[PDB]
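**Q** quick one, fold the following:
(2 chains, ligands or ions: 4)
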Protein chains: 2
Amino acid sequence: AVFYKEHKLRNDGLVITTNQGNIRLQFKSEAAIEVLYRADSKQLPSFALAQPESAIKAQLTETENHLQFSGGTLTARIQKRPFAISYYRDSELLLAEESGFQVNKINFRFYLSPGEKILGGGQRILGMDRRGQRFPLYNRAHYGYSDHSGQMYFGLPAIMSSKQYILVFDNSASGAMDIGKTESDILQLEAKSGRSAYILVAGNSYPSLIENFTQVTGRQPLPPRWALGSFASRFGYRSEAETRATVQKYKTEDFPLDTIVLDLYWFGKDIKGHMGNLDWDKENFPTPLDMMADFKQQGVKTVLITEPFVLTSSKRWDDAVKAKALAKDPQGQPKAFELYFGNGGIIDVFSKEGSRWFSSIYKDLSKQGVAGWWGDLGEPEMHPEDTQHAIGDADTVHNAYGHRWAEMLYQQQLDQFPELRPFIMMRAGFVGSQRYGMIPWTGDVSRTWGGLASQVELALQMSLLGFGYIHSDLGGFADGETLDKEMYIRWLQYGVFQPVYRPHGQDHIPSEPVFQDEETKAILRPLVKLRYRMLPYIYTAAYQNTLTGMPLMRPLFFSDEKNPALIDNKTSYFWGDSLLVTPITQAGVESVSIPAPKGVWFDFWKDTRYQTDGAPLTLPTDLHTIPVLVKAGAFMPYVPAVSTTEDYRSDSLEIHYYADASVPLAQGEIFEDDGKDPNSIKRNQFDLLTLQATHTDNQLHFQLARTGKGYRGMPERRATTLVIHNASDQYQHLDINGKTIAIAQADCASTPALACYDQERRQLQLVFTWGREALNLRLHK
Amino acid sequence: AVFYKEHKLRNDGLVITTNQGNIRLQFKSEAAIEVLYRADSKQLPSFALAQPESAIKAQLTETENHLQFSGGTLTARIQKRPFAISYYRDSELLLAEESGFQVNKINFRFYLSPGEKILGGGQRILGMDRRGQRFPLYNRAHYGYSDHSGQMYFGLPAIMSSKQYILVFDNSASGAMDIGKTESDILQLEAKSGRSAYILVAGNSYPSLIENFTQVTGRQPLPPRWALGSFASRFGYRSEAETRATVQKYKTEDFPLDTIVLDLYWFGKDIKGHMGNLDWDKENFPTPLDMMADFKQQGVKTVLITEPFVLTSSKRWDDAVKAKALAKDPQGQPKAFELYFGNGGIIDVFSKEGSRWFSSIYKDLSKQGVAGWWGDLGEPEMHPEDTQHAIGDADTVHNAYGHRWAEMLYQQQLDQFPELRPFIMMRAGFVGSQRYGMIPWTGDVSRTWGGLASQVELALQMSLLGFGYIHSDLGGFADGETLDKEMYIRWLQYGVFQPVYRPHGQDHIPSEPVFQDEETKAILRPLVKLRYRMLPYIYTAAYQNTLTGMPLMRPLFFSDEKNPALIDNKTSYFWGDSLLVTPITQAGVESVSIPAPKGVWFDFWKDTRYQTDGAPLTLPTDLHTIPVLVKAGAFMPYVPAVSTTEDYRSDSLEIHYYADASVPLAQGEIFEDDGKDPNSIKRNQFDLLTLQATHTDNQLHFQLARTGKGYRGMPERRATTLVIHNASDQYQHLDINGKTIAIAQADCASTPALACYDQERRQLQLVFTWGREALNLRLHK
Ligand SMILES: *[C@@H]1O[C@](F)(CO)[C@@H](O)[C@H](O)[C@H]1O
Ligand SMILES: *[C@@H]1O[C@](F)(CO)[C@@H](O)[C@H](O)[C@H]1O
Ligand SMILES: NC(=[NH2+])NCCC[C@H](N)C(=O)O
Ligand SMILES: NC(=[NH2+])NCCC[C@H](N)C(=O)O
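**A** Numbers count the residues shown, from 1 in each chain, chains lettered A, B, ... in the order given. Ligands and ions are numbered 1, 2, ... in the order given. Structure data below:
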C-alpha cells in the first residue's frame, strides 16, 4: 500500500514523499519526463540521458486527490490515494502505472490499453509487435541465430507504443521485460539492482516522437562519409600480404572500396591465446605502418578489431594488472575467468585507471594510421556475477558496459583528432549510445535464408530507438560449408539499401563480393557502384538522422499512422523518404506482393508506373535486382561512381524527378559538405541544395536554391542533368530564369540537347548549370 | 655535261667545284649526309635538319677517278668524270645519282635498283610501295577522300627504300616526285624553286634507320600524358552550354574524357566571316574563363582551333595590317584573296612581325586557361602564287608554312609554360615537324568504309618518316546523312589501337561515342576504358618514340626485313611491340586471314593459343571487338581505369605475361613519370620498371627492377598482380626472393591467394608487392 504524504517543488523538479520514500520528477524537455524512485538514496546515474542534470520549467497544480506536473505537451497526473502516476499528451492518456514501483529487486508495473501495440526491447526476433512476449534485459551473444531469438547482443530497455510514446527503463542491470505476457493488461519491468527510474517521451507523430526521444537521449554525430562506402571484411585476413592482396583484388575487379577491416589475426596467429596483445603480430604483419600508408594512398582506410578482454597469456597481462586496469574480485585482485579464447580479465572501462590505460593504447595505434575502430564482444560476451567494476558489480552495470566503452573511445578519438569524425562499430550498447557515434551490427547471424529474413525486423527495431546505422554482416557470418550463392546475392542486394555496406563472414567461405564467381560479380558490381552513385541520397538521409533522429530505414507503418495493423510488417521498408524496398528472403521466389501505400509508384529498375488505391502491387522478381518502388514526387540525386569516397565530387549531378499530377507539390534536398568535418553542421560549413516542384494542369515548375556557408573545395557551379520521368508529351517550351528554350522531340540521347523529350521513355531531360544563385525552370504546355 | 675540277676539305665539310658550280657535303652524323648543290649561292636554309650547321669529322680519300667522303657507316663515292655521287653503307650501294642535279627549276635524278621497293611521299593513298607513281609535292586539301589520293594535306619530300635508306629532298617549294614512273629505273625530284639539297640517311635495320633519321631531323618531345586519353570533338560545339552539356554527357554516360576540342564557333556564330577574330564569341560563349576552370576541376582540358587566315571582315584585320603581320603582295600591301570563309590574308609566320603578333594572341588565350592548340588549314589551304612572305614567295615556302607555324607556337608555349609539354595538333608540316611536337591527323576523311580502310596505310607512311602520333578523325568526318553504325563502331574500335583517341566529324551526325545508341555504347564503353587501362603500354611506346623515333604503329614488314613482299601489307600492323592488330574495314566481314609472323600468338580477347610456321591464321570476327593477337613473351601492363589522366595512378598494377617455351627469354618495361614534366627524361625524373622472363624446361623465372631517380608522387610500393597465360600445370612451388610459397590449385578467383593456378584457364596468378628493391620470382616444376 502506497499513498501520497507531501511534495516540494524546488527546483525545477517535483519531489514527492509517499509513505514509502521519495520520488523525483524532472522534465528533460517539453515532451519528456524522468521519474526517479528511491530519490532519497544513492544509486547509479542515468545512462540513457544526454543531459542527466537538466530540468526545464514546468507547471504544478494541486487538487484534492491529484497533483499535475505539466510541461509543454507532456503532463504527469499524480493520483494521491492509492499512489499512481499516469501520463497524458493533450488530454490523451498515454500510459498509467498499475502498482508502479515495488522494491526488494526493482519492479515497475504499468497498465497496457486494449489494442495497444508495443515495439521495442531492441534486438529480438519475435515479431514487430512484442506484446504478449516476455524476455530478459541482459546483452548476450546468440551465435548463428536465424529466425527466432528472445535474447541477443544488443537489447534495449525501451519500448515504442502505437500510442506514440517511448518508455525507457533507465537501468543498466540484469533484468527482464514482460509485455502483457503473464498478465494480459500489464507491462512489467524488472531489474536485480541498479537505478530505479524510467523516462517517458511523447510525440504527435512517429517522426516527432523520435525527434523528441533523440533530443533527450542523444543525436548521432554525422559519421565520416566513408562509413557509407564499401567495406572489405572477413574473419579474418591472416597476414599483411593477404590484406594487401584483398585491397588489390577490389582494384583489379573494379569494385569500389573505402575501408578494409582487420579481425583478430592482426594481433595473433591463433583465435585463442592472444587477445589483449593490442599490438601487431609482426610475424604476419611485418610492416603495418607502410601497409596503412599504402592503403591511404589508394583512398582506403584501415579499421582494427579490439575487445574488452585481456588474457593472462597475452603480452599485456602483467602491465594491465600493474596499471590496475582490470575489473576485480571482491578480494581486490584482478578477476580472471575462462573465456572461449582462454583465461583472462576484463578492462574496467568504468574506472579512471582502466579508461586511461585502454585509451592510451587506442591513441598509439591511431597515431600509427588506424582510421577507425571495431569493438567486438561488448555485451560483455562473458561477465561473471562476482566481477567488480569501479561503480558496481557485473550484474548491476552489465548492459551499460559497451555504452561506456563507446563513450571512452569516442572522447579519446575527439581529443586526438578534433577535426575528424570517429568511426566506432560495436555489438552491444545502451539507450543513448548513438550519441557516442556507435554503429551497431546484428552479430553472428547464420548463413541461412532465415538469418537474412530477420534483418529488416532487427534493423527497424533498432532504428526506431535511436540507431540509424544498424546493419548486418552482408551475406551471413556463421558456419556453412559452401556458399549459398542465391542467398548471398540477395543479401548483398538488400545491402545496398541498408545503412552500412559491410559483407563479413567466417573465412572458410569468402564474404567479399570480389571473391565471387563471374555471374555473382556481374550482378553485384553495378549494384555496389549504384551505392556510390546514390551517395547524395544516402548522405542526405544521414544528415537528417543527425538533425532529427530520423532513421535511414523507416517502417511501412510510418505511411499511415492511423492504421496500426501496418506495425506488423517486417518485409517492406522505406530507404530514405522515397524508396519502398522489399528484400527477397527465400530461394526461387518468382513474384512479390508489395503493400504499397495508396498513391502513385514507379518501378525503380524499369520505370513502370503503378497507381493504387490501397490494394497491393504484384511485381515479378529477377536475379539481378530486388523489388524497389519510387514514390511519385521523388527527387533522386546521383553523382558519377568513384572507387573511394576520398575521390567524391559533385561537380556533375544527375537528378531524377518522378512526376505525376497526383503530386502538385514536391520537395527534395541534397546535403553536401567536406565529408569529414565533425563541426560542419554546427558551423554551417555546408552546401544545402534544395529542389521544389510545382505540378499543375498546364505547367511543371522547378525552383532550385542553395544555402549554407559552403566549404573548402565546394563546386561553385554544378553541371546538372535533370531527368523528368512520366513527363507529359504536351510541354511546348522551357523557360530557364525567363530565357525561353525549345524542347527537342527527337535524338535526345544523340545530341548535346539542353532540353529534349524522349517519347518512347516518357522522359524529359534538361541539362543546365546550377550555380550559387536561385534557378527557376518552367515547362509549359 | 658535268665534271669534277677541284675540292677543298675545310671544315669539316667537303666543298667540290665542278664546271657548273660548287657542291657542299657535310655529315650530320655517322649515318647521314647533307648534299648542297649551288653551295656558292644564297638560298633558303634547311628545314628538315634539327641542327643545320652541324658537321661531324669524316675521312676524305682520293684516287684517279674518285673521291671518297666517309663517316662511321655511310660513305659518299664521288665519280669525277662524268660527275656523279653514289652512296654506300659498308660496301653496299644504297643510291646512285644518274644525272644528279640539273638547273633552270631544280631537278635531281637518281637510279633505282631493280626490285627496290619505295615507301614515302607522306600522305597518299596509292599502295605502300609508291614505285611506279608520280605525284606533286604541294600540301593541299583533299576533302572527303576515301580510297585513293595522289595529293593530300601532309606530303613529305622523303622516301624510305627496301635498301634501308631514307632520302630527303630538303626543299620547301612547289614540286613533284617521280618514283620510276616516267622512266622505269629513274627516281626524279623536282621543285620550281627553293633549296637545292638532299639528305641521305642509312641504317642497318628499319628501327636503326628511323633512329638515325630522327637523330638528324628531330625527335618528338614526349607529349603530355593527357594526349593519350579520350577527346570530345565535333565540328562544332555551338555554345558554352553545348560544350558544358557534352562534358556532362561523358560524366553521366561513364565514358572517360580528358579533353574537349572547340572548333571555329568559339570565335563566331557562322562558318564564314569571323576567322581571324581569335577571341571568344561572347554571345554564345559568355563565361569562357569559368567554363575552362570548371572543366579543369573535372580533369578536362580545353583545346581551341586556330587558322593562318585573318579575314577582312574579322575584328583583327585593321590591327594585323597595322602590325604588318600579314603576307604581302609584290607592291608591299597586305595580300587579300577569296577563301571559302571570305576575303582575307595570311599571317606571315616567317616574319618577325607576324610571329610576334600571332604569338601574343596565343599567349593571351593560354593565360585564360587554354591547355592546347589545334592548327587547321596549314597547307596553307589556299596560297596564291603572288603571296610574298619574309623569306620568299608562296610557291617557294609553301610546304614549310605549317612547319614554321608549329615552331613558332612550340617556342611560344615553352616560353610561357616551361614546366608543361605543349600539345599542338596540325594538318600540314614538313620533314622534322615532329621536333616541334606536331601531332598530325589525316584531314577531312569521308564517312565511308573506304575512308577507314585507307587509315592504316596513311598512318604507317607518316609513322615511318617521323610522325608517331598521326591519327584519324575517328568515325569519319565528311558528309554523310545518317550514321553508318557498323562503320562507326569499327572505326572507334580501331581507334583504341592507334595513336590519338579523337572521334571528330561534321555535327549533323554525332562524332562522340556518348551520343550513340545503347548497343554502340555497350560495345565502345569498355573499349574506351581499355584504352585507359592500357596507358602504361601506350605511354611506354611513347617514351620509346621520344628516345629513338620508334613509331607507335609499326608495319608488318618490320617482322622480317629479308621478306620485301611484306612491304605491301597495309591491313595488319603492330601496336607497340606485342600486339598485331587487323582492323575490320568492310561491312559484314565474318572472318579474317591474319598473316602473323612465324611463331606463337594468342587471341587478345579469348586467350586462344595459335602456333604458326608461316601460314596465315584464320580468326572469326564479332561486332564487339576487332582481331588482335598477342606475341608470345609479351608483358602487357594495365592499371585500373580512371575517368581522366589527371587521376592516373599506378599504385595498383596488373601485368599479363604470355608464356611459351618457344620464347626462353623475354623483356618488358613500363615507363612512369609525372605525365607532365617536359624535362623528365633529360633529368631522369622517372621510374622505369623492367621485367625479364627466363623460361626453361623446368623453370619460369621473373626478374623485376626499377631505375631512374623517381618523381614527385611516385608510389614506393606497387601492389602487383602478375597473370601468366599458358602457364604449365606442372609448377609445384614459387620462390619470391628465396621465400618458398605454395601454389594453390583451386579457388583462385575466390581467395586472396598469393599464388594460384586456374586449371580451366591455364593461368597462374601471382600477387605481391613491388617495392624499390629488385625482386625475383621463380616457379619450379
Ligand atoms: C566478434 O567475434 C568475431 F567472430 C571474431 O573477432 C568477429 O569476426 C565477429 O564479427 C564478431 O561478432
Ligand atoms: C579544318 O576545318 C574544319 F572543318 C573546320 O574548322 C575542321 O573541323 C576540320 O577537322 C579541319 O580539317
Ligand atoms: N542468446 C540466446 N538466445 N542464446 C540461445 C543459445 C541456444 C543454444 N542451444 C545454446 O545453449 O548455446
Ligand atoms: N588534293 C586532291 N587530290 N584533290 C582532289 C580533288 C578532286 C575534286 N573532284 C575537286 O576538283 O575538287
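**Q** and whichever residue of the stretch 251-400 of chain A sits closest to ligand 2, backbone torsions?
**A** For the stretch 251-400 of chain A and ligand 2, the shortest gap (C-beta to the nearest ligand atom) falls at residue A:254, measuring 34.6 Å. C-beta coordinates here come from the backbone N, C-alpha and C atoms, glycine included. Phi and psi for residue A:254, reported as degrees, to the nearest 10, are phi 60, psi 50.
**Q** ok, residue A:399 next?
**A** Given degrees, to the nearest 10, the pair of backbone angles that residue A:399 has is phi -80, psi 0.
**Q** residue contacts, the residue in the stretch 351-500 of chain A positioned nearest to ligand 4?
**A** Proximity of the stretch 351-500 of chain A to ligand 4 (C-beta to the nearest ligand atom) peaks at residue A:496, 58.2 Å away. Taking C-beta atoms under 8 Å, 6 or more residues apart in numbering or on different chains as the contact definition, residue A:496 lies against A:527, A:528, A:530, A:531.
**Q** what's the neighbour count on the nearest residue to residue A:668 once chain neighbours are set aside?
**A** Counting by C-beta to C-beta, 6 or more residues apart in numbering or on different chains, residue A:635 is the residue found nearest to residue A:668 once chain neighbours are left out, at 2.9 Å. For residue A:635, the neighbour count with other C-beta atoms under 10 Å in any protein chain shown is 23.
**Q** so how far is ligand 1 from residue A:635?
**A** Residue A:635 sits at a distance of 37 Å from ligand 1 (criterion: C-beta to the nearest ligand atom, to the nearest Å).
**Q** next one: residue A:523
**A** 25 Å.
**Q** residue A:407 reaches residue A:437, doesn't it?
**A** No: using C-beta atoms under 8 Å, residue A:407 makes no contact with residue A:437, being 9.8 Å away.
**Q** ok, those two, which is more surrounded?
**A** residue A:437 (28 against 22).
**Q** show me which residues of chain A sit near ligand 1.
**A** A:235, A:263, A:264, A:305, A:376, A:377, A:427, A:443, A:444, A:504 (C-beta under 6 Å from any ligand atom).
**Q** derive a PyMOL selection command for the buried subset of those residues.
**A** Remark: buried members of the residues of chain A next to ligand 1, expressed as a PyMOL selection using 16 or more other C-beta atoms under 10 Å in any protein chain shown:
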select buried, chain A and resi 235+263+264+305+376+377+427+443+444+504
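**Q** would JSON lines of the residues of chain A next to ligand 1 with distance to chain B and secondary structure be doable?
**A** Formatted as JSON lines, the residues of chain A next to ligand 1 follow (distance: C-beta to the nearest C-beta, whole Å; DSSP: H, G, I helix; E, B strand; the rest coil):
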{"residue": "A:235", "distance to chain B": "13", "secondary structure": "strand"}
{"residue": "A:263", "distance to chain B": "13", "secondary structure": "coil"}
{"residue": "A:264", "distance to chain B": "17", "secondary structure": "helix"}
{"residue": "A:305", "distance to chain B": "18", "secondary structure": "strand"}
{"residue": "A:376", "distance to chain B": "21", "secondary structure": "coil"}
{"residue": "A:377", "distance to chain B": "25", "secondary structure": "coil"}
{"residue": "A:427", "distance to chain B": "25", "secondary structure": "coil"}
{"residue": "A:443", "distance to chain B": "25", "secondary structure": "coil"}
{"residue": "A:444", "distance to chain B": "22", "secondary structure": "coil"}
{"residue": "A:504", "distance to chain B": "15", "secondary structure": "coil"}
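**Q** now the residues of chain A next to ligand 1 in TSV, with distance to residue B:599?
**A** Shown next, in TSV, are these (distance: C-beta to C-beta, whole Å):
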residue	distance to residue B:599
A:235	49
A:263	49
A:264	52
A:305	53
A:376	57
A:377	61
A:427	61
A:443	59
A:444	57
A:504	49
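**Q** show me what contacts residue A:399?
**A** A:137, A:138, A:139, A:155, A:157, A:172, A:173, A:174, A:175, A:428, A:430.
**Q** mind running it again at 10 Å?
**A** Listed by C-beta atoms under 10 Å, 6 or more residues apart in numbering or on different chains, the contact set of residue A:399 reads A:47, A:122, A:137-139, A:154-157, A:169, A:171-175, A:191, A:194, A:379, A:428-431.
**Q** cool, residue A:716 as well?
**A** Residue A:716 touches A:651, A:687, A:710, A:769, A:770, A:771, A:772, B:290, B:293, B:294, B:297, counting by C-beta under 10 Å, 6+ apart.
**Q** export those to JSON lines and append columns for secondary structure, distance to ligand 2 and neighbour count.
**A** JSON lines is the format used below for the contacts of residue A:716 (DSSP: H, G, I helix; E, B strand; the rest coil; distance: C-beta to the nearest ligand atom, whole Å; neighbours: other C-beta atoms under 10 Å in any protein chain shown):
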{"residue": "A:651", "secondary structure": "coil", "distance to ligand 2": "28", "neighbour count": "20"}
{"residue": "A:687", "secondary structure": "strand", "distance to ligand 2": "39", "neighbour count": "21"}
{"residue": "A:710", "secondary structure": "coil", "distance to ligand 2": "40", "neighbour count": "19"}
{"residue": "A:769", "secondary structure": "strand", "distance to ligand 2": "26", "neighbour count": "20"}
{"residue": "A:770", "secondary structure": "strand", "distance to ligand 2": "31", "neighbour count": "20"}
{"residue": "A:771", "secondary structure": "coil", "distance to ligand 2": "31", "neighbour count": "16"}
{"residue": "A:772", "secondary structure": "coil", "distance to ligand 2": "35", "neighbour count": "13"}
{"residue": "B:290", "secondary structure": "helix", "distance to ligand 2": "25", "neighbour count": "16"}
{"residue": "B:293", "secondary structure": "helix", "distance to ligand 2": "25", "neighbour count": "15"}
{"residue": "B:294", "secondary structure": "helix", "distance to ligand 2": "24", "neighbour count": "21"}
{"residue": "B:297", "secondary structure": "helix", "distance to ligand 2": "27", "neighbour count": "15"}
